[PDB]
Amino acid sequence: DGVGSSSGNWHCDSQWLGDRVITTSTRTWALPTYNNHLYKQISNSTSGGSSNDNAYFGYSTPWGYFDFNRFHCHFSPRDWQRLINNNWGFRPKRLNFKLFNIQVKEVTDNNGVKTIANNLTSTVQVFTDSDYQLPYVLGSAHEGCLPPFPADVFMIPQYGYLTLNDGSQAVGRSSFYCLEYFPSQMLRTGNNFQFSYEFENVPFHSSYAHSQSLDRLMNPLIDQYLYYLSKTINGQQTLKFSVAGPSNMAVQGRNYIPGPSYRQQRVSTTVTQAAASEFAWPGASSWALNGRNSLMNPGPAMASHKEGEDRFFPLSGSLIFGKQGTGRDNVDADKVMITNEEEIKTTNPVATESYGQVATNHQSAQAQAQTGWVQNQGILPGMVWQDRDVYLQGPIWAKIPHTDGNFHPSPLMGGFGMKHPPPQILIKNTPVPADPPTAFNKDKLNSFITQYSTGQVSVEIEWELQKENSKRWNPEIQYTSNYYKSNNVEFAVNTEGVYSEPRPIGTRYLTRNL
Amino acid sequence: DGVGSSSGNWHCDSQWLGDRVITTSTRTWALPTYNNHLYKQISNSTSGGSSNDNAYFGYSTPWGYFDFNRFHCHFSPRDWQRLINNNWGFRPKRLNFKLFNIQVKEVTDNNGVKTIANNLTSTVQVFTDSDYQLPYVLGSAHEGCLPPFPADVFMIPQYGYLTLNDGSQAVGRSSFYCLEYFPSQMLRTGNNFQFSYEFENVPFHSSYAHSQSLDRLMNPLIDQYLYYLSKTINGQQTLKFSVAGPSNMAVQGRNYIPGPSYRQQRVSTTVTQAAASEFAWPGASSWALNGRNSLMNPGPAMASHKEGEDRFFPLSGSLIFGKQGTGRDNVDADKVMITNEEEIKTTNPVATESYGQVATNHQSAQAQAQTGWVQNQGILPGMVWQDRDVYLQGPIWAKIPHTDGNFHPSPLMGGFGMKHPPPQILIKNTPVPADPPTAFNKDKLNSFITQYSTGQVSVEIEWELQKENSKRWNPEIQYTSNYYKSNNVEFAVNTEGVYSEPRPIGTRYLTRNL
Amino acid sequence: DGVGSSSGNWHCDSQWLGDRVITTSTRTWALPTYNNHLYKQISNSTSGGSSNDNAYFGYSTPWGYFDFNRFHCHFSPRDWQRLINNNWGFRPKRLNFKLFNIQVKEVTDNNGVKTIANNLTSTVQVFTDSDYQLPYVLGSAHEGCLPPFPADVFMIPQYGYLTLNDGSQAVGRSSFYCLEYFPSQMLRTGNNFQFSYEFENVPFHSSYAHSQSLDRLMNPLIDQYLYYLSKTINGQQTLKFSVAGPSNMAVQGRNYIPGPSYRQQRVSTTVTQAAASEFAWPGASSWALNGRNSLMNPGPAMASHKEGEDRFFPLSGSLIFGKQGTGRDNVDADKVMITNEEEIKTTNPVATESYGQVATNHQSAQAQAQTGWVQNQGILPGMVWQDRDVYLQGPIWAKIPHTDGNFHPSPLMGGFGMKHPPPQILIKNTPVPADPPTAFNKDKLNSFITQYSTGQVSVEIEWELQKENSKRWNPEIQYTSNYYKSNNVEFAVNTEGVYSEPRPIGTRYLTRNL
């Protein structure tokens with residue numbers, strides 16, 4: 001429109017209908033100039049790294065991008081509490097995104113002092129990768145998302161991507177992408193940008209915990225009409241059979257079995273434990289691709305620990321969040337928040353235990369029957385399992401890789417897997433050259449006016465709800481704040497205005513039968 | 001129609017529309033009399049074999065069959081080059097088949113000299129197994145398909161099938177099929193045969209190579225909001241956590257993991273390597289069925305070798321084609337063409353490497369953390385993979401076995417899996433008895449006129465194309481002939497008129513993101 | 001239709017309308033099996049040649065082809081005489097082609113004796129290269145055309161083509177063409193083939209000789225109003241000028257100049273001339289392409305000899321025809337017929353003379369004026385010329401090479417140049433395999449029934465005529481037979497039934513002004 005007219009209003013609210021909840025969040029963003037308007041080839045050689053498992057090749061772009069792939073970007077703690085305490089499931093339906101109130105500033109430095117002024121004629125470029133023609137980086141748990149607290153002003157992360165690499169070198173199959181080779185809208189201070197997106201059909205997330213275990217689905221009062229091998233010896237091959245009943249539930253015939261497993265090493269959170277060695281990488285569970293070892297993290301959805309063993313967690317089978325103010329490198333256990341998936345112990349195997357035992361020979365009068373531990377078990381017919389729970393500060397969705405085949409493409413870090421997820425939204429400040437020389441020079445200009453941009457961003461997502469119809473008589477487990485006095489209110493600001501999330505919040509508090 | 005009128009024309013051409021390509025191929029065939037018009041029980045006893053893994057029971061029929069289940073039967077090398085260099089995928093849509101210009105000949109031998117003359121009144125019988133009531137032998141990479149060179153005249157292979165066997169003996173469940181118990185059209189020299197077939201819906205074949213690896217999908221500039229266990233000891237269980245970022249990509253959380261594996265033994269193509277033993281069968285990867293060991297060949301789609309290790313190939317995990325003129329038994333490595341699947345190293349594990357490592361115990365102050373190699377890994381949720389590539393001389397389709405359950409029924413040798421593939425087309429010369437005795441004899445006649453038949457066969461297949469919409473800036477890898485001078489043109493005839501295919505041609509040259 | 005019904009009639013006649021003449025010719029042809037149904041790579045190595053100017057690479061096909069690119073294939077000598085004596089020009093308009101009365105024979109040899117019998121069920125394949133996708137070999141003066149005498153039975157020439165070569169080797173850019181990769185009609189004894197072709201617009205051939213010379217177009221009674229430099233010296237630079245008039249026609253100003261030239265060495269037909277050396281190749285005029293020297297033959301259209309010098313002919317600037325019964329190698333001059341282009345001496349320069357003289361320095365008081373002979377002269381503005389005359393036994397048309405640029409694409413051997421000439425008509429006997437073995441063998445069949453085919457071919461061409469409207473008073477020169485007695489009639493059969501053409505007949509007997 002014009003310089004003196006706002007191009008949008010501040011929309012931040014949650015609307016709770018019967019089977020739907022609509023979340024709207026608005027944030028103020030700041031966008032600097034990245035790479036000084038240049039594309040730069042990057043690799044482990046340019047970052048000084050030399051281990052082959054950490055080798056890479058790719059490019060850093062002068063473009064930024066908008067990321068809102070975390071639940072706390074849309075749900076307040078109270079809204080999250082309502083969702084998890086009142087619904088058996090939820091899933092995103094549609095998306096509305098807006099950019100408005102664009103403000104481009106120029107920075108001039110004379111001597112140790114910088115002056116900031118408006119550049120009303122400068123432009124900012126925005127486009128969406130609706131055709132998914134660029135590498136998708138929103139499927140990784142990267143920082144730079146919209147802040148959970150609406151009052152926080154955030155910096156737009158720089159967009160970068162990786163391609164095929166051989167050590168620090170590239171190959172002929174490696175691809176180079178120029179983001180200026182895409183049509184993009186150019187916005188001055190009076191312009192705004194908006195688009196709508198429809199989520200593809202995805203299953204409802206399981207925001208419930210099973211009230212029954214897979215091995216306890218039988219009637220505890222009635223025998224089965226099936227027999228099991230009880231005895232074998234007299235005290236001669238004396239085969240004896242008995243009815244499987246309530247007194248021996250472990251040997252009863254069952255129609256379904258627990259889901260797959262990929263065993264994790266076990267770590268205790270108890271201080272004054274002596275470790276026998278440094279094992280964080282040597283003892284790690286891991287998968288190899290083209291000679292590169294990657295850590296299995298978080299791996300298949302498995303129960304974090306057995307009943308009563310909350311002190312143990314899988315070495316890399318659980319999401320680890322950092323508390324507010326936590327450092328980047330080598331922080332203590334009390335500075336991080338270790339999530340656990342104990343709710344899925346009713347259907348999924350324990351992460352730090354073998355799946356089971358399998359016969360490994362033919363027993364005879366000369367050879368005793370032998371069994372072997374199954375540390376990793378693939379998918380078998382009749383298996384049932386629960387996917388990893390999602391969290392308030394955890395990811396929402398991920399892009400299913402474009403491959404010939406996949407099985408249960410639920411993101412392993414939690415969330416909804418989609419072939420066509422919300423498109424990447426890329427933003428960049430248009431370069432503004434400084435005064436050029438009065439004589440023609442064919443070289444590209446390298447002198448630009450120092451600029452940055454700021455504005456507001458709004459994203460609205462409609463969520464579909466799956467209401468609970470339980471006939472359970474006794475009250476359910478519910479997420480609740482603790483009344484006991486404390487120096488600060490949980491999920492609030494401190495005396496210095498710092499917002500903090502004191503604990504990870506799952507979704508599985510209500511119960512339903514298996 | 002009549003003796004002196006052709007029943008069809010020679011159609012051999014390729015028509016390239018926008019999203020579709022129509023291939024038409026015509027060949028001249030010759031059909032002899034098989035088994036002297038008899039059905040014969042066959043087994044490993046009748047072929048003199050005595051190893052139980054090679055034991056069989058079945059029947060050889062006097063019928064021949066038409067096979068066009070190889071890509072070079074329909075695509076010329078130039079058409080194949082266009083398809084692979086300009087399309088991200090393709091799949092068959094519909095089929096047209098024709099038999100015409102039937103010519104039945106009689107052969108008479110007087111003394112060391114044979115005379116060939118037309119038998120205008122004799123008939124040839126043709127029918128299609130549209131109901132799939134006969135054993136399907138087109139799903140195996142058998143010889144006898146239409147020649148890649150249109151000028152070559154080919155011999156129709158004899159139809160045979162196998163049933164249940166116990167050693168060299170049959171069981172009560174074994175089935176015997178009489179092909180004369182089917183309605184078939186009888187054609188004289190003036191008649192022709194034709195039918196149309198519609199391919200069932202199949203996914204597009206992946207004629208692309210990924211430009212990204214599964215372990216390099218993150219933004220190389222932004223840290224994750226997740227932590228990993230870095231340290232453990234002081235130099236006391238001192239648990240330390242760090243942010244997973246660009247400097248350590250191997251430990252970053254990931255949503256998807258590489259596909260399944262079934263490890264192959266590794267063989268070097270380098271001459272003057274000393275082998276430690278004869279291992280081609282003892283070292284083989286293998287699966288057992290009812291006490292019979294079958295070689296795992298080609299097995300699950302896995303990367304043939306790591307980067308830079310082209311000299312290595314899996315022992316039986318790759319398709320091996322023979323060069324023109326190559327012998328049948330014990331030929332050298334230079335007489336065969338070893339295909340490789342290096343393009344799928346971005347998503348599939350290396351065939352000659354373990355899938356990864358899994359924890360095998362509980363670490364403590366007394367026991368060091370232990371890990372074990374995963375040589376075989378089944379399907380797990382979140383896995384993605386690419387199927388085996390198809391080749392110009394490789395198979396096109398296969399029949400999915402009629403079973404209660406299957407997973408990703410893409411043929412392991414490459415191609416399109418279908419419950420209802422193109423039906424088997426069976427052809428046989430009608431027996432023409434010689435002069436019978438003037439006195440009645442109840443025994444079946446065993447004196448027949450020596451006959452064979454010849455004619456033309458045409459098959460037209462419409463293929464749907466998936467065009468590429470890449471935004472890649474740098475040029476792609478393309479299949480191209482080499483300009484450098486040579487004695488012969490590749491994919492052409494020699495000075496003796498022998499057509500040869502000098503190398504296997506895949507389909508994965510273009511690139512797309514993962 | 002049927003075995004016992006003719007598929008066409010014998011049409012051979014000429015119809016003379018006002019401005020059009022329609023020629024129809026029918027011939028009986030015989031087609032053997034070429035290369036034993038095989039494609040064969042050929043080169044100068046396979047023919048034993050080692051000079052680099054004669055090096056080649058290409059392929060010989062089992063296909064034959066129909067050629068009627070000679071005027072005597074359509075015009076009888078009397079029709080040719082009428083055309084040349086009554087018309088100032090002519091050009092082809094449209095074409096009708098027919099194949100009918102197909103007869104396929106099988107040949108069996110027992111011991112030194114061959115038996116020929118009909119094979120009523122065998123087929124012959126015919127198609128036209130209407131899209132010009134195959135190398136065009138009809139643009140060369142090759143043998144194998146329809147005989148000039150309608151009663152002669154001719155053998156169909158074998159089709160072959162050449163591609164890019166480096167010595168006896170090929171390069172990556174070399175192309176291999178399979179003629180079975182084209183749709184073709186298959187004809188039994190009852191079938192026939194026909195198609196129509198429309199000639200693209202071409203200029204009328206000049207069937208006239210100019211009655212004026214380019215240097216004698218002025219009025220012989222009137223002076224010009226232009227002056228020329230007559231004198232220079234006194235006997236001091238004394239410049240003198242004079243009027244150019246009838247007394248000095250050589251110095252008169254002229255608006256147009258004779259056409260281009262490329263000088264030929266001069267050869268006398270007079271016996272008992274002593275040559276100073278062997279010069280037939282060393283003295284030859286020639287052009288080089290990629291290091292290969294090709295003879296300039298027949299080169300640009302130039303006058304064969306000056307007035308009264310009929311004994312001289314250019315070394316390779318004239319078409320040389322062989323008399324009936326003339327051998328292939330090293331025949332005497334009386335065994336060949338040397339054509340001459342003396343009719344174009346009025347506009348074209350003499351082939352064995354320089355185009356003219358050009359100044360080569362600046363004359364002064366110290367340096368005498370110098371001139372140099374112009375042995376080769378390119379196109380200049382104001383040039384006019386006549387193209388090479390066509391002959392009764394000479395070629396009719398040629399295909400203009402598909403190139404970015406060309407100038408006056410009239411074929412240098414004479415005729416009409418067309419981007420889309422009459423398409424090549426290719427014919428082949430369908431291979432008929434002998435008795436195949438009773439056991440399947442994957443190799444292509446190499447045992448075939450010995451066969452050949454015969455039939456009639458008819459071609460009808462409509463020619464447009466350009467009538468003469470001369471006001472010349474005295475009678476014109478006309479082609480006429482000589483009344484004087486001779487042992488045989490010219491253009492007739494001998495006592496042994498051998499038809500002969502005793503002399504080449506041009507088209508330029510009538511006259512018109514320049």
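In what follows, chains are A, B, ... by sequence order, proteins preceding strands, each numbered from 1. Only this structure's heavy atoms are used, side chains among them; waters, hydrogens and symmetry mates stay out.
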Exercise for review: Give a yes or no on whether the ring-centroid distance for B/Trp473 and A/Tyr177 is below 6.0 angstrom.
Suggested key: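 No.
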Heavy-atom distances under 4.5 Å only: say whether [X] touches chain B with side chain, backbone, both or neither.
| X | result |
| --- | --- |
| A/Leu289 | both |
| A/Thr326 | both |
| A/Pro381 | neither |
| A/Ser51 | neither |
| A/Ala55 | backbone |
| A/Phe313 | side chain |
| A/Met413 | both |
| A/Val271 | both |
| A/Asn165 | side chain |
| A/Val171 | side chain |
| A/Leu380 | neither |
| A/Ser47 | neither |
| A/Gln265 | both |
| A/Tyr136 | backbone |

Using a 4.5 Å cut-off on heavy atoms from C-beta on, say whether the side chain of [Y] contacts that of [X].
| X | Y | result |
| --- | --- | --- |
| B/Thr346 | A/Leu164 | yes |
| A/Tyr159 | B/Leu221 | no |
| B/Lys471 | A/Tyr181 | yes |

Between [X] and [Y], a side-chain donor and acceptor under 3.5 Å:
| X | Y | result |
| --- | --- | --- |
| B/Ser206 | A/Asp404 | yes |
| B/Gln252 | A/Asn297 | no |
| A/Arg292 | B/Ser213 | yes |
| A/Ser294 | B/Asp215 | no |

Is it the side chain or the backbone of [X] that comes within 4.5 Å of chain A heavy atoms, both, or neither?
| X | answer |
| --- | --- |
| B/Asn469 | both |
| B/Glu353 | neither |
| B/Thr371 | side chain |
| B/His408 | side chain |
| B/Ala367 | backbone |

Practice item. Please report the C-alpha distance between A/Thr163 and B/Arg216 in whole Å, then the side-chain angles of each, then the deciding distance to 0.1 Å, and finally whether the side-chain hydrogen bond (donor to acceptor under 3.5 Å, both in side chains) criterion is met. Key: CA-CA 7 Å; A/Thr163 181; B/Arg216 295 295 183 269; over 6 Å; no
Review point. Quick one: does B/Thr232's side chain have a donor or acceptor within less than 3.5 Å of a partner on A/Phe279's backbone?
Key: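 Such a contact is absent between B/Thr232 side chain and A/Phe279 backbone.
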Point to revise | Parallel, tilted or perpendicular: ring planes of B/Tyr208 versus A/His402, cut at 30 and 60 degrees | key: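 Ring orientation, 0 to 90° scale: tilted.
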Exercise for review: Run the salt-bridge test on B/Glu342 and A/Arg173 with the 4.0 Å N-O cut-off and return the result as yes or no.
Suggested key: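 A salt bridge is present here (some side-chain N lies under 4.0 Å from a carboxylate O).
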